[PDB]
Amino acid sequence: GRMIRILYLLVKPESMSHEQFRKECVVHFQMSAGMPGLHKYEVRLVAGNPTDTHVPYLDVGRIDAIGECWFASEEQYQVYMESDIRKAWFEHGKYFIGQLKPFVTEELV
C-alpha cells in the first residue's frame, strides 16, 4: 500500500557466458536473503522473446534477466540504502550485470 517496487532489465557482461550468468543470478538471489529493508526480491531469466504482437513490437535489444525489489515503506527503503550488506550486494551486481535499466513503478488499482 505504501509498497515501493523497482523492476530491472538485466544484460549479462560480455565477459560471461549465458550459463555463468545464470549461476550468478542464483548467487545474487541467495545473497539477498534477509536483506535489511527489503520485503521481497525476485530474479528470473528471459526465456523467450515473442514477436507476433497485436500492436507494434518494441525492440529493446537482448535482455537476459529481470530483477524486482519490493519495499514495504519509504522507511524500509532508507534502511536498505544505508545497509553495509546491501552495499556489498550491489558490488556483486557489478560483477555479473553488464548493463541495467531500472523502473520505479506505481500501482493503479
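Counting begins at 1, following the sequence as shown.
Higher average CA B factor: 46 to 54, of the stretches 46 to 54 and 62 to 70. When the two stretches 28 to 36 and 74 to 82 are set side by side, the higher mean Cα temperature factor goes to 74 to 82. Sorting the modelled residues of the chain by their CA temperature factor places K101 in the lowest third. Ranked against the other modelled residues of its chain, the C-alpha B-factor of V11 as given in the entry falls in the middle third.
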